[PDB]
Structures are given as structure tokens and as C-alpha cells.
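Engineer:
2 protein chains.
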Amino acid sequence: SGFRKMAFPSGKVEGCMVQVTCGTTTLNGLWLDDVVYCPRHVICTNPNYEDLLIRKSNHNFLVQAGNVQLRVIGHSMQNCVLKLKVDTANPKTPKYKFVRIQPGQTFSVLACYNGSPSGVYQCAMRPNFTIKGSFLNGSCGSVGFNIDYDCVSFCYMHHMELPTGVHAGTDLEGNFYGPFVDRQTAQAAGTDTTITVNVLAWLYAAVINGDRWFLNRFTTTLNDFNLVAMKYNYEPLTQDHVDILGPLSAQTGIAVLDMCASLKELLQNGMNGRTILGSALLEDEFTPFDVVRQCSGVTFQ
Amino acid sequence: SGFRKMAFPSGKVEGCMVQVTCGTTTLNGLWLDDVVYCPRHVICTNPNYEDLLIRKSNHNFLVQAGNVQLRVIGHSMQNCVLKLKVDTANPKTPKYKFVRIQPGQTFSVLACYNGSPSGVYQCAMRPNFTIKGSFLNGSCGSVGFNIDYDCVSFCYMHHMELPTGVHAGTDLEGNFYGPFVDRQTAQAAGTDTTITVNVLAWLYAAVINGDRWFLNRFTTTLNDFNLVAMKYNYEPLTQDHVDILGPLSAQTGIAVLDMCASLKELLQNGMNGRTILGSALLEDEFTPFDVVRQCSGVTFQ
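Right under this line is the structure:
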């Protein structure tokens, strides 16, 4: 019992974190097999990165894997990330994949400085394709990921802080999440929404953990919910959402539409000083999978 | 910028997590050098563990380090943990220490099942020597820890869930945190309090992150604060607390006693629908060190 913002064990990823330096720019790189991935704004000197990259040679890239120099024997650009071919395959290379996540999906971040892992936290991709992360100067290149049995699914590389303090970055093929670019523009996060399906998964987590207050006798149709949801800046709840909550509905015997009625009342009346799962806010950064994982027993390795 | 419940990178500890089986009991063990540490309630069959342990032989203990059997060549009891001498030193043994933490101090938990690491989360030792953790059956033996440069300071081994769903365990010498025992009694958590020094450190974290609302013109003496603190079930604030908040007072230029006056008003008026650092509650599970670490840049490896 208990419920915690849990992150995946980070060792498999720590073994891949390196330091990439070229010029006066130092950031973090991801070393898989004989490639080191890192953000392309490490390239020297309003940019045009194809120009700047042809301007460069391998020996410009200093790659530090712990105490060991790493010799760059080739480079290339893949959208907003640099692929730096090195002469050594990372012996600690886990089985891995590059996958792109949907808004509302969660992942773990291994925040890094100078290729040294600093901390690990769990977060979600906001519906506006930002993440509310914790990053300081030099965290560029830190990656986000999930673990499934033994496989590391890399989904995120960190590029920049947006003026509101939220964070933007790319998948591991270099394609940004959201309408953001790796150059200095006036770019801002669009207005965010609350991930309704996640809040419902969290409420089930509260019920599983004995917090049964918020529940009620009422029920509601999906349409009538979404009419109230939209009013409170909540994502629409789809039939697929309802199906994905099914197993949690089963395990607790509270029908999905019943839980929506509780959410409806929670939105309309607030919480009146009570709390759910140690929180005075409705939490939207736990998916249905996260709840099941943290309430059934599933491990990884 | 941003602020997250961050946990230490867990790889150094994952390399030490093993599986310990004897009888029909399976739990997690900690493999450092040629010792495997684990809770003693793994011993077979109202207990008297000295009796039960002399009843046993090495070959009763099945120790699984991944795919590799581990041969137990000796055992012994150290308070509530079992030390199982094995014939192989853990090649992945990090530099480490066994340290005992004070209530109010935080640590990372690597929740494990069957020696396989499941997740990592940050938590604090409650003033009543419980932790609000996230554990399922089989998490016994999961360890808590901090990392300081390269050194893993093991501070916690998980033993049991208390009737309120909070968690109790020992340091790595087997001495419990709080008045709890590893036998079936009516034991319960005593009434908890809020870790005042931590809430103040968190408020500084909010100020550092632009959340400047809660602040005010007022001030307060330490005595007058504690008179209001005690009323709201908050730990007393000591002069040493005030000194430890010093650097954060400096960095933000809000005197410690001024921040206490804001806390005083927050306790007296509540938050009026606003939030601090994404929370509608005053958070007491970040120490002054945690805030500085997550707002200055400090790494580990």
C-alpha cells in the first residue's frame, strides 16, 4: 500500500550517459552501441545547422565517458539531434528502442550534468507537449524513458526551458514535441489542460488505497461528464479512455462512469479541506498503467 | 527551473539487489562485498529468532543474483537483519556506508520484488519514525539510501506495513526506526507532525522558482512562530534549523524569520485556492539540502 510518484530504476540509462563538448558548449549525450546522441545546438556558433555542421570536424567533439576519452570517427544530423559515431561500442548498452510518446503518457527523467546523473523523477508529457520538469543549466541532453521488462524505451531528450519555466525537447530521432524549435524565438507553451483519464486513474488509486471519501451514489453519461469537464479545462474523456480504465473499474468495482460522477462533483465543489492520496489537488500525472503497476506488483530487469 | 520530488540515480544500488529465499519466504537482499543483508523474518517458522536461526544451515538460504546462484558459506544475526556470508564478492559493490538518518531527513527508496528493482521514489523519515512509502507484498528488504559524490549511504531496510498503510523498517545494522518490532503485535504509528524546517525550505524553493505570492511584510520572533506552529501540529523550529536555512535565506534575500511569518499566515488563513510549486498543501518532504541540490546544480557519480 501507499502511492508515490515513482520513477523507473535508472541504472540501465546511467550506463549510457556521457559528456559531449565542442567549443565552449558542454552538454549530455546518450551513448548506445557506437553512436552518441546529443542535441544539435552543441554545434558551434539565428542558426542554420546544416551550414554550421559542414564547418566542423570529428576532432572538434570531445566525448567523455567517465575517465575515458571517446574518439569520434563520424558525425551526422538527424533533425534536432546530433549522431556522433564513436569508435567504441558502449559495453553497458541495454536492449533499447526509440519510441515517441503521446501527451498524457508518463516517463522517467534522468537529469544529468556533464554526463553525470544528478537525479531521477517521474513526469508526464503535458497536452501542450511541454513537460513540467526540473532542469538547471547543463541539463541539456538528459533523456526521458520507460522500462519494459529489460528494454529501455527512450522517448525524450531535453533541449530547452520555455519562458514559463516548463520544458521542451525531442524524441530520440530529433523531432520536437510540440511546435517548438531549437533557436531563440518568442516561443511559448500553449494553454495546457488536465489529463482527465489520468485523474480518474489516480482516483482509482486512492480507492485501492482506502481513500473512499470522494465517491458518490450518482452516475453520469460520458457526454454529460465531458460537458462539465470542458468547463474546467479537462481533456475530453473518450470511449478508449473508459476501456483502459476497465481493469481498475473491475478491481475496485466502481464503474468508470460512476467515478466520473465523483470527478464531476469534485470539480464542482472542490475538496473542502480533505485530501486524496496525500494531495489537495487532482493529480493528472499517473496513467492507468502506472496505477496498475504500483498496485499489482510488476517489476523490471 | 522547476521543482520535482527527485530521487537519487539508483544504478549503484540496483547492482546490489539480490533475491533471498529460505523456506516458503522470498524477499530482497542487499549484496555488498561478500555479505548479503536481508531482514531476519526470512528465518523459518510469536518468534525467538536466536532459536530459529541455530535451527538452520547455510544450504537453506537460496540467494539469486540474477541468473547466478550464490553459495552461502556463513550466516549470523545483527539485530533485525540477517548477514549471509557468500563465497563471491559483489563485483558491482559501490563505495558505501551504513548510516542512520534522523526524522525529517530524506532518502531514496529502490522498491524491489524478488531482487528485481521495480521503481525509485523519494521520501522522508516521518517524525514518528515511519515512512509514507509505496510497497507491495515482497518489497521486504528493499533499501533506502542517499548518494554523496560516489558513496552510497544506506540508511533504511524495509520490513513491514503498519495498519495505517505507512511503513516501518531498520537501518542496515538491524536497529528499527521507531518503537516497532518484527513480530505480529498491535503496533501502530504514533501521531505524526509536520517537519517545519522542511516546509520552510520548500517555500524558499517556491520563491527561487518565481512563486512569490505567500510572502508578506510581517515578521515574527522564533518563540511567537513556535507558539502558532505547535497549534497546527508542526515540529518546533530551532536555532539550528534557522541556521541551516541561512544559505537559502541569502540566495533569496528573505530572512528566515520573515518566511516563518508567511508560514504563520499560511497556517492561519490557508491558501485560498492558490498553489505553491504545483501543490495545494505545504510540502514537508524536502530538506534544505534537497532544495539547494535541486537549485544550484550538484551531481553525483
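One line per chain: the protein sequences are A and A', in this order. A prime marks a further copy of an entry chain.
PDB author numbering puts the first sequence at residues 1 to 45, 51 to 306.
PDB author numbering puts the second sequence at residues 1 to 45, 51 to 306.
Positions of the beta carbon are idealized from the N, C-alpha and C atoms, including for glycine.
#1: Considering only residues of the same chain and omitting the five flanking positions on each side of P241 of chain A, which have a CB-CB separation below 8 angstroms?
#2: Does DSSP put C85 of chain A in a helix, a strand or coil?
#3: Can you tell me the Cα-Cα spacing of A194 of chain A' and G183 of chain A', whole angstroms?
#4: Could you work out which residue in A':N65, A':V86, A':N84 is closest to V77 of chain A' when comparing CA atoms only?
#5: Could you check what DSSP says for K236 of chain A in three-state terms: helix, strand or coil?
#6: List, in chain order, every chain A residue whose beta-carbon is nearer than 9 angstroms to that of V77 of chain A'.
#7: Taking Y54 of chain A' as the query, report the chain A residues whose CB atoms sit under 9 angstroms from its CB, ordered along the chain.
#8: Report the CB separation of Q306 of chain A' from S139 of chain A in whole angstroms; it is logged as a contact under 8 angstroms.
#9: Measure the C-alpha to C-alpha separation of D263 of chain A and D289 of chain A and round it to an integer number of angstroms.
#10: When burial is assigned at 16 or more other CB atoms within 10 Å of the CB, is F185 of chain A' buried or exposed?
#11: For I59 of chain A', is the classification buried or exposed, using 16 other Cβ atoms within 10 angstroms of its Cβ as the cut-off for buried?
#12: Are the CB atoms of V212 of chain A and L268 of chain A nearer to each other than 8 angstroms?
#13: Please work out which residues of its chain come closer than 6 angstroms, Cβ to Cβ, to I281 of chain A', disregarding the five sequence neighbours upstream and downstream, and give them in chain order.
#14: How long is the line joining the alpha carbons of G29 of chain A' and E270 of chain A', rounded to whole angstroms?
#15: Measure the beta-carbon distance from residue 47 of chain A to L67 of chain A and round it to whole angstroms, keeping in mind my assumption that it falls under 8 angstroms.
#16: Kindly provide the ranges of any alpha helix (DSSP H) runs that are 4 or more residues long and lie completely inside the stretch 252-280 of chain A', ordered along the chain.
#17: Can you give me the Cβ contacts of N221 of chain A inside the same chain, cut-off strictly under 7 angstroms, excluding the 5 residues immediately before and after it?
#18: So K90 of chain A' contacts chain A; which residues on that side make the cut at Cβ distance below 8 angstroms?
#19: Please return the same chain residues whose Cβ sits closer than 7 angstroms to the Cβ of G149 of chain A, not counting the five positions on each side in sequence.
#20: Can you give me the C-alpha to C-alpha distance between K90 of chain A' and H80 of chain A', rounded to a whole angstrom?
#21: Is there a Cβ of chain A' sitting closer than 8 angstroms to that of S158 of chain A, yes or no?
#22: Excluding the five sequence neighbours on either side, which residues of its own chain have a C-beta within less than 6 angstroms of the C-beta of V261 of chain A', listed in chain order?
#23: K102 of chain A' and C44 of chain A' - do their beta-carbons sit closer together than 8 angstroms?
#24: Report the option in A:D92, A:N214, A:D187 whose CA atom is closest to the CA atom of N63 of chain A.
#25: Closer than 9 angstroms, Cβ to Cβ, to anything on chain A: give me those residues from the stretch 87-119 of chain A', in chain order.
#26: Which residue or residues does DSSP assign as beta-bridge partners of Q69 of chain A?
#27: Looking only at its chain, what residues have a beta carbon closer than 6 angstroms to the beta carbon of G15 of chain A, apart from the 5 residues adjacent to it on each side?
#28: Which first and last residues belong to the beta strand (DSSP E) in which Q127 of chain A' is found?
#29: For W31 of chain A', which three-state DSSP category applies?
#30: Name the one or two DSSP bridge partners that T111 of chain A has.
#31: Excluding five sequence neighbours on each side, which residues of the same chain lie with their C-beta closer than 6 angstroms to the C-beta of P52 of chain A?
#32: Just the chain A' side, please: which residues come within less than 8 angstroms of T280 of chain A by C-beta, in chain order?
#33: Please tell me whether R4 of chain A has its Cβ less than 8 angstroms away from any Cβ of chain A'.
#34: So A7 of chain A contacts chain A'; which residues on that side make the cut at Cβ distance below 8 angstroms?
#35: For the stretch 234-257 of chain A', enumerate the residues whose C-beta is nearer than 9 angstroms to any C-beta of chain A, in chain order.
#36: Please list the partners that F294 of chain A has in chain A', where partner means a Cβ-to-Cβ separation under 7 angstroms.
Structural biologist: Looking at the coordinates:
#1: Hits under 8 angstroms: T201, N231, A234, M235.
#2: Here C85 of chain A sits in coil by DSSP.
#3: Approximately 9 angstroms, taken between the alpha carbons.
#4: Taking the Cα of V77 of chain A' as reference, the smallest distance to any Cα among A':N65, A':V86, A':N84 is reached at A':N65.
#5: The answer is helix: DSSP assigns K236 of chain A an H, G or I state.
#6: Chain A residues near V77 of chain A': none, gap ~22 angstroms exceeds 9 angstroms.
#7: Among the residues of chain A, none has a CB under 9 angstroms from the CB of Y54 of chain A'; the nearest is roughly 26 angstroms distant.
#8: In this structure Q306 of chain A' does not touch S139 of chain A by the C-beta definition: roughly 18 angstroms separates them, more than the 8 angstroms allowed.
#9: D263 of chain A and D289 of chain A: Cα-Cα distance of roughly 18 angstroms.
#10: Burial call: buried.
#11: The residue in question, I59 of chain A', is exposed, as its Cβ has fewer than 16 Cβ neighbours within 10 Å.
#12: Contact: no.
#13: For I281 of chain A', where only same-chain residues beyond five positions count, the Cβ hits under 6 angstroms are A211, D216.
#14: The alpha-carbon atoms of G29 of chain A' and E270 of chain A' are separated by roughly 47 angstroms.
#15: Missing from the coordinates is residue 47 of chain A; the shown part of chain A jumps over it, going from 45 to 51.
#16: As far as the stretch 252-280 of chain A' is concerned, its whole alpha helix (DSSP H) runs of at least 4 residues are 261-274.
#17: Closer than 7 angstroms at Cβ, skipping near neighbours: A266, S267, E270.
#18: By Cβ distance, chain A contributes nothing, its closest Cβ being about 25 angstroms from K90 of chain A', past 8 angstroms.
#19: Answer for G149 of chain A: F112, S113, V114, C160, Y161, listed in chain order.
#20: Between the alpha carbons of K90 of chain A' and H80 of chain A' lies a distance of about 6 angstroms.
#21: Contacts with chain A' at 8 angstroms (Cβ-Cβ) do not include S158 of chain A.
#22: So the list reads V247, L250, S254, once near-sequence residues are dropped.
#23: No, Cβ-Cβ distance for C44 of chain A' and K102 of chain A' is not below 8 angstroms.
#24: With distances taken between Cα atoms, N63 of chain A lies closest to A:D92.
#25: Result list: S113, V114, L115, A116, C117, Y118, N119.
#26: Paired residue(s): A:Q19, A:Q74.
#27: Within the same chain, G15 of chain A has close Cβ partners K97.
#28: Note, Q127 of chain A': beta strand (DSSP E), 121-129.
#29: If DSSP states are grouped into helix, strand and coil, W31 of chain A' belongs with the strands.
#30: DSSP, once it has assigned bridges, lists A:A129 as partnering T111 of chain A.
#31: Residues of the same chain with a CB within less than 6 angstroms of the CB of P52 of chain A, apart from the 5 flanking positions on each side, are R188 in chain order.
#32: Under the 8 angstroms cutoff, chain A' gives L286.
#33: Yes - at least one Cβ of chain A' is within 8 angstroms of the one on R4 of chain A.
#34: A7, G124, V125, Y126, listed in chain order.
#35: Those residues of the stretch 234-257 of chain A' that come within reach of chain A (Cβ to Cβ, closer than 9 angstroms) do not exist; the list is empty.
#36: In chain A', no part has a C-beta under 7 angstroms from the C-beta of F294 of chain A; the shortest such distance is about 13 angstroms.
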